[PDB]
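The lines below spell out each chain.
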Amino acid sequence: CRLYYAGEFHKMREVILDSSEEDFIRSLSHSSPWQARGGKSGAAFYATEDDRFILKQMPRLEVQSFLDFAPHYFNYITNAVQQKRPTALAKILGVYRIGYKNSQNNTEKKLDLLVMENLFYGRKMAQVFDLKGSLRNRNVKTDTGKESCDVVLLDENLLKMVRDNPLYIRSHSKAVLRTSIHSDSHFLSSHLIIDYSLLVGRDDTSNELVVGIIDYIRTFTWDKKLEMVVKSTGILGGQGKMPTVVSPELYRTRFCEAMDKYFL
Amino acid sequence: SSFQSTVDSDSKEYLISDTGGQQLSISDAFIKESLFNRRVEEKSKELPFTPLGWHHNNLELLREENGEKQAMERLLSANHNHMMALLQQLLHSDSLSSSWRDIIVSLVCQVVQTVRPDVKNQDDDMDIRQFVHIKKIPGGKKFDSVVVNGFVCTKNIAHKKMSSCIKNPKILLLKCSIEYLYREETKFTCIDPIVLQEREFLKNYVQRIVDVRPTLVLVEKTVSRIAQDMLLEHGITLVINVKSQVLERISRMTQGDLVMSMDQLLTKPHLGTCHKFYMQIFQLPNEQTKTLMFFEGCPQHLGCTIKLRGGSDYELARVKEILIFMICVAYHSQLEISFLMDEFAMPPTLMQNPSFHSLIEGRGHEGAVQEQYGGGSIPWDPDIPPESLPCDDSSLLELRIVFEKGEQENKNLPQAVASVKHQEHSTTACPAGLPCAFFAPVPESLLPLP
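Residues numbered from 1 in each chain as written, not as in the entry; some residues may be left out. Chains lettered and ligands numbered in written order. Heavy atoms only, no water.

For this deposited structure, the header cites cryo-EM as the method used and 6.6 Å as the resolution.

On to the nonpolar core. Counting residues in hydrophobic clusters, the biggest one holds 52 residues, and the most contacted among them are A:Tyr73 and A:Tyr262. When residues in this core are grouped by element, the largest group, seven residues, is from helix α3 (residues 60–79) of chain A. Both domains that meet at this core, namely domain 1 (2–117) and domain 2 (127–262) of chain A, each give it at least three residues. Ignoring any residue separated from it by four or fewer positions in sequence, one finds A:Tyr73 in contact with A:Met12, A:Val81, A:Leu89, A:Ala90, A:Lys91, A:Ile92 and A:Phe187. Core analysis: the second largest hydrophobic core is formed by 42 residues, B:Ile171, B:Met230, B:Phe277 and B:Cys298 among them. (Core = buried A, V, L, I, M, F, W, Y, C linked by side-chain atoms within 4.5 Å. Buried < 20%, exposed > 50% of the residue type's maximum accessible area, 1.4 Å probe, protein only. Helix = DSSP H or I, 4+ residues; strand = E, 2+ residues; numbered from the N terminus. Domains from an automatic or database assignment. Contact = heavy atoms within 4.5 Å.)

Here we take up the sheet that holds strand β8 (residues 276–281) of chain B. All names here are of chain B. Taken in spatial order, the four strands make up an open sheet running β3-β9-β8-β4, and their pairing is antiparallel. Of all the strands in the sheet, just β3 (150–153) and β4 (165–167) have a single pairing partner and so form its edges. Across the sheet, the mean angle separating the axes of adjacent strands is 20° when strand polarity is ignored. Both β3 and strand β9 (residues 291–296) contribute to a ladder of four bridges, which runs antiparallel. Bridge pairing in β9 links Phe151 to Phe295. (Pairing = 2+ DSSP bridges. Axes fitted to C-alpha atoms, helices over the stretch in contact; angles between N-to-C directions.)

Residues and elements named next belong to chain A. One can read the domain layout of chain A as domain 1 (2–117) and domain 2 (127–262). When each unit is reduced to the centre of its C-alpha atoms, the spacing between domain 1 and domain 2 is 23 Å. At the junction of the two partners, domain 1 supplies 13 residues and domain 2 supplies 13 residues. Roughly 1,200 Å² is buried in total at the junction of domain 1 and domain 2, and carbon and sulfur atoms are behind 63% of that figure. (Buried area = accessible area lost by both parts, 1.4 Å probe.)

Attention shifts here to the packing of helix α1 (residues 6–17) of chain A against α3(A). Residues and elements named next belong to chain A. The geometry of α1 relative to α3 is characterised by a closest axis approach of 11 Å and an angle of 35° between their N-to-C directions. Seen from above, α1 lies across α3 with left-handed handedness. Together, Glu8, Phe9, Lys11, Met12, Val15 and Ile16 of α1 and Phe66, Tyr73, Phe74 and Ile77 of α3 make up the contact between the two elements. Residues that form the contact of α1 with α3 fall into these classes: eight nonpolar, no polar and two charged. (Left-handed = near helix turned anticlockwise from the far one by under 90°. Nonpolar A, V, L, I, M, F, W, Y, C, P; charged D, E, K, R; others polar.)

Time to look at the side chain of B:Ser224. Within the element layout of this structure, B:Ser224 appears in the loop between β6 (216–219) and α7 (225–232). Look past the residues within four positions of B:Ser224 in its chain and what remains in contact with it is B:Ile178, B:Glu179, B:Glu198 and B:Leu202.

All names here are of chain A. Omega for the bond connecting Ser41 with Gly42 falls within 30 degrees of zero, at 0°, which places this linkage in the cis form. In this model, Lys241 is joined to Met242 through a cis peptide bond whose omega is 5°. Along the polypeptide, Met242 turns up in the loop between β10 (209–214) and α6 (248–262). Even without being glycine, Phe220 reaches a positive phi, approximately 60°.

Turning next to the packing of aromatic side chains. Tallying each qualifying case throughout the model produces 15 aromatic pairs over all chains. Both rings, one in A:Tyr76 and one in A:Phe187, keep their centres 4.5 Å apart while their planes meet at 40°; by these two values the pair is tilted. Note that A:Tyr76 is positioned in helix α3 and A:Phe187 in helix α5 (residues 171–191), a separation of 111 residues in sequence. Both residues of the pair, A:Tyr76 and A:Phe187, count as buried. Arranged with centres 6.0 Å apart and planes meeting at 75°, the rings of B:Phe277 and B:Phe295 form a pair that is edge-to-face. Pair noted here: B:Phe277 is in strand β8 and B:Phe295 is in strand β9, with a separation of 18 residues, a long-range link. With respect to class, B:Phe277 is no different from B:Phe295; both count as buried. An aromatic cluster is present here, built from A:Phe9, A:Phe66, A:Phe69, A:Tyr73 and A:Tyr216 joined pairwise through their rings. Sitting over the ring of B:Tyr180, B:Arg183 keeps its end group 3.8 Å from the ring centre. The ring centre of B:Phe131 lies 3.7 Å from the NZ or CZ of B:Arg249, which sits over that ring. (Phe/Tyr/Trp six-rings, centres within 6.5 Å; stacked < 30°, edge-to-face > 60°. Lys NZ or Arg CZ within 6 Å of the ring centre and 35° of its normal.)

All right, on to the domain arrangement of chain B then. When cut into domains, chain B gives domain 1 (13–83 + 341–445), domain 2 (85–149 + 301–335) and domain 3 (151–277). Taking only C-alpha atoms, the centre of domain 2 of chain B and the centre of domain 3 of chain B are 34 Å apart.

With that out of the way, let us pick up a nonpolar patch on the surface. Taken together, B:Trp100, B:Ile103, B:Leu107, B:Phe143 and B:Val147 make up a surface patch of nonpolar side chains, about 410 Å² in accessible area. In this fold, B:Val147 is placed in strand β2 (residues 146–148). (Patch = residues over 30% accessible without salt bridge, like charges linked within 9 Å, V, L, I, M, F, W, Y side chains within 5 Å. Areas by Shrake-Rupley, 256 points an atom, 1.4 Å probe, with all protein chains shown as cover. Salt bridge = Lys/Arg side-chain N within 4 Å of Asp/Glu carboxyl O.)

All names here are of chain B. Ordered in space as β5-β6-β7, the three strands form an open sheet in which the pairing is parallel. Since the sheet does not close on itself, it has two edges, and those belong to β5 (171–174) and β7 (237–239), each with one partner. Adjacent strand axes in the sheet meet at a mean angle of 15° when their direction is disregarded. Here four bridges tie β5 to β6, and the two strands are oriented parallel to one another. By the bridge assignment, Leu173 is partnered in β6 with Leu218.

All names here are of chain B. Look at helix α1 (residues 13–23) against helix α2 (residues 30–46): their axes get within 10 Å of each other, and the N-to-C directions meet at 145°. Seen along the crossing, α1 lies across α2 with a hand that is right-handed. Packed against α1, whose contacting residues are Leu15, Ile16 and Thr19, the element α2 presents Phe30, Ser34, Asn37, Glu41 and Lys45 at the interface. Considering only residue class, the contact of α1 with α2 consists of three nonpolar, three polar and two charged.

And the structure:
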């Protein structure tokens, strides 16, 4: 197997994560990880038995992107990340590539994987949200919701369903979150990263909210993921346009602004 | 939620922005009005745009602005509470004004009892905290203060030989000058005949002045001392570099406008008025011994100021501190014309002041015939007080209606006693920064829903 930047990751684990190496190894190694159905893909999504860590499969492009960003990401960490100053950004524990000739693995095939913390925890999340902040488009999930299980609710759903979105965070807390959001989005903006959303998990009663930025690795890709399926009609909505779409800087401002409303 | 929990002190983007904004126009609790405005702008926002394309701007937020006018005025009409008096006698502490503030407090109360403005509209205006200054002289020992219901300055007359003391003075006030003003064709040549055109400017203006017959003459802008002579020979006294603040102030206290191109005023209503300008002199070393001008009987009595004294600096400003403690308690007590019977006993008949007034009178449209029809839906928001307290113990619509019936004896439901009480003695009710919470919303709310 191949591990990318072993030293940097080790530092990242202790630094932001304050994750003991042994604990990390134990979670992954000791018990076989459980799979989670991912998206439509095609790409594997896994979780450790303890559900502390998520293992995702990444494309060659994404992995390369990680390497490019790693120095900035590290610097950001020092200024502020979870152990440092808490960042919403994903905490990257490690990146590996497994390609094995042996029968179990595809021969001469390369599987790349990224290990990271999981925003939700093992315990439980009553409701989930995936907030892009983007202007209406896929601001809802039709198929999801089908699951009686936890649906990953989207912006429009948040606006209508958890409308007058109840997320009430203390005034003191609002300041801390917003400040950290501003810095993260700024950081991402520098990198030209876009199409990342804020994952929100909610607990009910005196509620506990879980939030963090996700879908970090994607940048400078104008041509990607052409839309599939027929669009529902009858309502005005996304246009045939736009050949001119929102830029990374623009994305950042909108993201924070939208998120601002989410928490009171 | 936390807004129905409003018989106690113990606690939409644009909306809450402006919420904080006016929240430190005057400091109070954010969430109460956040949630009220939430609900009521919710029905509103449902009016304008997404469906129904309503005409959502005129004649309804109009009605809310009217609601808030009636809100301020009438809700400041119903105090019977065993008021601050004990609180304040307790407030006595914190400095050396012992034995000699009481005059101060009694007579600030007097002057702020002078005040019941009804100025701008069908509105019992209150420009509290806007309309007076009081002043001292550091000298001697303090306790000789003497009040006067009017201004007193140290702003000497334009010509020490002008009025040693004026009486019943009319004046002419203009932010502009008595100096040949900006005519269209800006032209400057032949110095002598143009200073003579200035002379004629001045003198025909003086014709028109004495045609007005002022008594004092005062510009914000300037004058040519030519006109000064023209009127001191007429005896219409004058003042210099005249402060615009009290100019507008008292001109409005007067009937005197400031018609700005008096080619406009072929007639009177520019002349101001007051009672009398009168000096008083001091005589000793240490140049405190100045001369200062009483200016009393200004055409509005909602204003006073006092001769005060003192032989130091720090205790004097510390008495200033007691005086601003009085500032604060004054306007606090003032938002109520100073409290309201708590435990939802005054508030039933209060929210219903519109109800029973505009019902018994009927003569009821002051709210609206929609306050008959739509007045079942939304002013129910003013009907939150009961929906807060009663439905916990006693009566949801019932005391509401039967107490907008008009008993006038406002004891009410015993949430926590089962017999008789009010939060007043239970010392459990949000103090009164909260009132203005209803008059700010609509001005800022009618635009964001274009």
